[PDB]
Amino acid sequence: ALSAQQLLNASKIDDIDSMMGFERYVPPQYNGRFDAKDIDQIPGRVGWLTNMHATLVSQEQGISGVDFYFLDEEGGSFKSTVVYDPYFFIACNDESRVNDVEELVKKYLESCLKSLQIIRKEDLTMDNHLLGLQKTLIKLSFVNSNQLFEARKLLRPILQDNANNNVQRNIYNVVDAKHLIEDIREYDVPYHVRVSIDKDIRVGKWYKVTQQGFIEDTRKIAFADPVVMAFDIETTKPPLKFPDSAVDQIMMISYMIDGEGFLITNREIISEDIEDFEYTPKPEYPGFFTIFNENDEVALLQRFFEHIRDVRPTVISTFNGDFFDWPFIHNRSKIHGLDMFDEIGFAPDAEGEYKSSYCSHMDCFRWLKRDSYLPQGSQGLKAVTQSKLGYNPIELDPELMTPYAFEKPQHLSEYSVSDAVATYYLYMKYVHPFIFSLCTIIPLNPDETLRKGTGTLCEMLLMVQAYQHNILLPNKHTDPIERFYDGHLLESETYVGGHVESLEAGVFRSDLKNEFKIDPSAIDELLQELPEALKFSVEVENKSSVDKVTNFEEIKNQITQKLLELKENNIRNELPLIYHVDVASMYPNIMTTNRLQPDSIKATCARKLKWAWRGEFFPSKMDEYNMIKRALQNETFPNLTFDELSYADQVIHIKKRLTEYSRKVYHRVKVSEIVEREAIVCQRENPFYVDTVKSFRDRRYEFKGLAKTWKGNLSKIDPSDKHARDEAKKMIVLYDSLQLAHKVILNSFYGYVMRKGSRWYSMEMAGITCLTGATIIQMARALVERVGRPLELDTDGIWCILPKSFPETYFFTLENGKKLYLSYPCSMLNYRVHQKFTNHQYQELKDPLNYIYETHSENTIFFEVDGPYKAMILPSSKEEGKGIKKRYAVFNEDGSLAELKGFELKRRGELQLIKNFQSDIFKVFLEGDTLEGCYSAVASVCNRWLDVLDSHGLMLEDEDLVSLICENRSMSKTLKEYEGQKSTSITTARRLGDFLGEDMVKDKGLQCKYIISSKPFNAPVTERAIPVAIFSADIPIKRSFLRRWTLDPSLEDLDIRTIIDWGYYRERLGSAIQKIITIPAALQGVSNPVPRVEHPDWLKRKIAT
DNA sequence: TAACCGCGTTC
DNA sequence: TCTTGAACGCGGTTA
Ligand SMILES: Nc1ncnc2c1ncn2[C@H]1C[C@H](O)[C@@H](COP(=O)(O)OP(=O)(O)OP(=O)(O)O)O1
Ligand SMILES: [Ca+2]
Ligand SMILES: [Ca+2]
């Protein structure tokens, strides 16, 4: 049956792979000893593994196996196949009768079963597993994965009535072979992952394919250089509209192959033959493009296809190729009578992405979305090239794409080529090293390593460890459709996450003094701890000993005297040191310190830790719940009766009906409560999980430290050596990229235990990680409060100021002449966290043969310092007593922007006016020589921006006004999925649809460019919202919609200037100028620097005193 | 006024 | 199907 298609597909894939240079290599037969240490002697072919896919194979029903795609040492390529029987396990609730269920499944599954076997694995949910006791399991093996699925289909009936009550007719009678099946296990492992794990094969490693299997050649390590292609397609476009692969044609396709550029053009659209040209944005990105002017598109497609066949690419990179370019070329190939999969072996898959068997499709957009660590407002190719490649790509407005086909083809070709350059070199210097290296530890191919969620990446890593330690995988987690608490249905339940505080606002600068009030008892405490904390820094922070340090006492006495000056003069007006302290990999290091794992949470090996639980429940109670349901049982349903509907479909009707009843009587739709819960953490459980976290943390620390090394080397580089300065700066962005790309995967080991379908779910374990972190950040803040003035706090980071005279940086001197770095403000914190948050109960197996553990003290929680900074600027809220958190600006000593966070300037969309405003104002806080002077200097910029708005934009030209006044906002789903909701995006989506057709809203992720109107008057802002595109429409079209939209049937004036509700914009900017300058200025004792923006009444009253 | 939502950041 | 988490700002509706 269904095998038919699979066997057919393989023959196809086999022929296309053969066409592209991968043909099955069957290694010679060897009757000599199979050790890895004789690899040179064993006959076989050595190659670099670049790809792997599951296949069926008819012998030399189909047989399951994995094709492996190799690049050989001699410049060629080949594939080799590994067969491996797929398998899962049957768990038994009576291990004395495994025999009987064994003989039962043997008969019952005769149709699909191949072989059967009794095994044993470690089960962390079984008592006495730490003493060597193991769970007995039946290993069912199959010829192919269809047979495996078939057995699952036959077992679940048994699995599902065993859960249901058995019906015994002889009521007067007080166990069957089928009821002994408790569960099946490891039944949902992707086959190629299973082969990849059980066989320890990884893409990116070198092997020698031999008769007895694959032998890793540890003597190579350096990756082979594959043939890499990257392409961009530019197409024709209806004015003010989206390209349609049904109507529109490809104008031109630009690509690059191992550094050499090319360019196809359809002369029917392009209207001019083009000639070889060069686009080399920077020396390190050479771009010589040869051009292939073609007559009809059909020839453009054939020529693109032809090349590919000649080049034999193993990697094809694009930029959003999965959802536009690849599909587009498909529809056009179909329309023009070409089958692309016969032409180049590419075709869409189940999720609609485009893959091939031999060549990986490397969509840079997927990397950027997951691993670039950039905001989504910075993930467009223009901005990515600036951040990561250090140059400005060529910018051409999409509306002018289609006409510039004729007016200036050569210009449009330059832009086409600019997209290709940026895509190839973005892939080659960021994606390709990261993904292929990742494959050497993660059992996926490049295509999957690029696209899988970071949680799944964590899961893959964890499954390797669990298998290699012979640990049985738990089945995927299943959230209950209904959960309750004190008789109330739970809308949602979670834990209290990170702790965040805004404590101050305003301007803080290295040349502008502040008041400090130092707690004298704080100085006493530090001095009591100074000797042991200094030893701590040397012994633990720098892994040395007090014996080889020679200036210990001077540094001590130096520190001691500065501290003593601060104890007497506790009231001081000094220049500040703007510092930031942040725990390195906080949550991971908290899990490793406390030996935290989902499997360590139990109900002395026991380390009791607290977390905070938070639930959201209906104030309704069981009585109300029981009633509403019966009501619902009586309605007829669209399709039916309520009981007829799926349990899920039932409860979702219930939830919508509960929200209404509770509001009527309870009057509150939901109730929030925080319960503190204590969980047991067994300090002796098999540590395979946390060890995986430990390993991946250390993997990241590798790159974070190299970033820090080269950030130091650039300081040593002399200003004149531009090449050196440039390379180091290039190394810094390289390692910052690599270390950030690991950060998300790393922290996903913490997320994973709350993820849906998690094989290792524990709400407790995540809760305890968060609450511990809240305790550590707050004890740190308590001390800096007593000795300085903290500014913002966020989970693990503290921005604070300190008196210039607070002990700062000191350098120990060693017997070796070497020096040890010491930041006193850092090590004073690090000593107290290590004295109050150390796990003295950490246990590990010392002797596995007799199960002897040693108990022990662990702690890897360290603050790290960056600073001192030149300026920090915190906004304040418009509301009394409140602050803005997760938003601020920081500046380095040289005047460069250190960090900008949270602000609209960084986010995607937002109103461009506030973007450009923020872009201009922040840097201005560096001027003036007094705080009052500084606010003045920024006030000048504010009034200038206030001027353009009070002038009703008569001040700057039209094409420049549309940008400043537009607000772009993306829309997660299609508008059809938003009804019952009102927003400026939702309106702009309808009006785009009405005027430009329903096609506009068919695809989600729409980006709604809108200005809001003055009319209708007193109408809600959501309703007075106009797509920008209308103002580029023909005058009759504009008038009809605008008058309709403004609700004035007689409006003749059709100028953007008249319609704009400049009032909205002034309020918006004012709130901006208010929170960033005016209100903050007051909290710093400065009378309103922008008097045209009025204060709030509460501030006026406190200003009034 | 306060609760609640979608989006997109900071952790 | 496949799928890391919680805390937060902001403009906007809604009770
Ligand atoms: N994307 C994320 N997913 C899950 N947890 C996260 C994420 N980002 C941050 N966290 C959590 C876990 C981190 O330990 C904690 C502190 O945030 P942050 O300081 O940005 O990261 P970090 O402390 O792990 O790395 P770093 O060494 O760069 O400080 O916040
Ligand atoms: Ca393009
Ligand atoms: Ca951190």
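First the proteins, then the strands, lettered A, B, ... as listed; each starts at 1. As the structure lists them, so they are numbered: ligands from 1, and atoms in each ligand from 1. The figures here come from the full heavy-atom set of this structure, side chains too, leaving out hydrogens, waters and symmetry mates.
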Report task. Could you tell me which atoms of ligand 1, counted from 1 in the order shown, lie closer than 4.0 angstrom to a heavy atom of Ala584(A)? Result -> 27 (O)

**Report entry** Axial cation check for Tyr842(A) ring with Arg595(A), 6.0 Å and 45° limits
**Finding:** yes

**Report entry** Proximal atoms of ligand 1 relative to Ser585(A) (non-hydrogen, under 4.0 Å)
**Finding:** 14 (O), 22 (P), 23 (O), 24 (O), 25 (O), 26 (P), 27 (O), 29 (O)

Query raised in the report: Does the separation of the ring centres of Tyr279(A) and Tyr285(A) fall below 6.0 angstrom?
Result: no

Report task. Report the member of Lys704(A), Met591(A), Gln739(A), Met586(A) with the shortest heavy-atom distance to atom 23 (O) of ligand 1. Result -> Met586(A)

Report task. Step through it carefully: locate the ring centre of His742(A), locate the ring centre of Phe703(A), and say whether they are under 6.0 Å apart. Result -> yes

Query raised in the report: Among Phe231(A), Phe304(A), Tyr427(A), which residue meets the ring-ring contact (aromatic ring centres under 6.0 Å, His included) test with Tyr255(A)?
Result: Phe304(A)

Query raised in the report: Which atoms of ligand 1 have any heavy atom of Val583(A) under 4.0 Å away?
Result: 23 (O), 29 (O)

Query raised in the report: Hey, which N, O or S atom on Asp796(A) ends up closest to the Ca ion (ligand 3)?
Result: OD2

Query raised in the report: Are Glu234(A) and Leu412(A) side-chain neighbours, meaning at least one heavy-atom pair lies under 4.5 Å?
Result: no

Query raised in the report: Can you list the atoms of ligand 1 that are under 4.0 Å from a heavy atom of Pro588(A)?
Result: 14 (O)

Query raised in the report: At a non-hydrogen distance cut-off of under 4.0 Å, which region of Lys743(A) contacts ligand 1 (side chain, backbone, both, or neither)?
Result: side chain

Query raised in the report: Given side chains that start at C-beta, do those of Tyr750(A) and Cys770(A) come closer than 4.5 Å, heavy atoms only?
Result: yes

Query raised in the report: Has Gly797(A) got an N, O or S atom lying less than 3.0 Å from the Ca ion (ligand 3)?
Result: no

Query raised in the report: Any side-chain heavy atom of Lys382(A) sitting closer than 4.5 Å to one from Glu395(A)?
Result: yes

Query raised in the report: Considering only N, O or S atoms, which atom of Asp419(A) is nearest to the Ca ion (ligand 2)?
Result: OD2

Query raised in the report: Within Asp325(A), is some N, O or S atom less than 3.0 Å away from the Ca ion (ligand 2)?
Result: no

Query raised in the report: Would you call the rings of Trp760(A) and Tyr752(A) parallel, tilted or perpendicular, where under 30° means parallel and over 60° means perpendicular?
Result: tilted

**Report entry** Contact (N/O only, under 3.5 Å) between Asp796(A) and ligand 1
**Finding:** yes

Report task. Output yes when the distance from some N or O of ligand 1 to some N or O of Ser748(A) is under 3.5 Å, and no in every other case. Result -> no

Requested in this report: Starting from the Ca ion (ligand 2), look over the N/O/S atoms of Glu234(A) and name the nearest one.
Outcome: OE2

Query raised in the report: Strictly under 6.0 Å, is that where the ring centroids of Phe346(A) and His330(A) end up?
Result: no

Report task. Answer with yes or no whether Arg700(A) contacts ligand 1, where contact means a heavy atom under 4.0 Å from a ligand atom. Result -> yes

Query raised in the report: According to the interplanar angle, ranging from 0 to 90°, do the rings of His411(A) and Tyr404(A) count as parallel (below 30°), tilted (30 to 60°) or perpendicular (above 60°)?
Result: perpendicular

Query raised in the report: If you check every N/O/S atom of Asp582(A), which is the one nearest the Ca ion (ligand 3)?
Result: OD1

Report task. Kindly confirm or rule out an N or O of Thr795(A) lying under 3.5 angstrom from an N or O of ligand 1. Result -> no

Query raised in the report: Relative to the Ca ion (ligand 2), which of the N, O or S atoms in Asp232(A) is the closest?
Result: OD2

Query raised in the report: Within 45° of the six-membered ring axis of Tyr701(A) and under 6.0 Å from that ring's centre, is NZ or CZ of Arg697(A) located there?
Result: yes

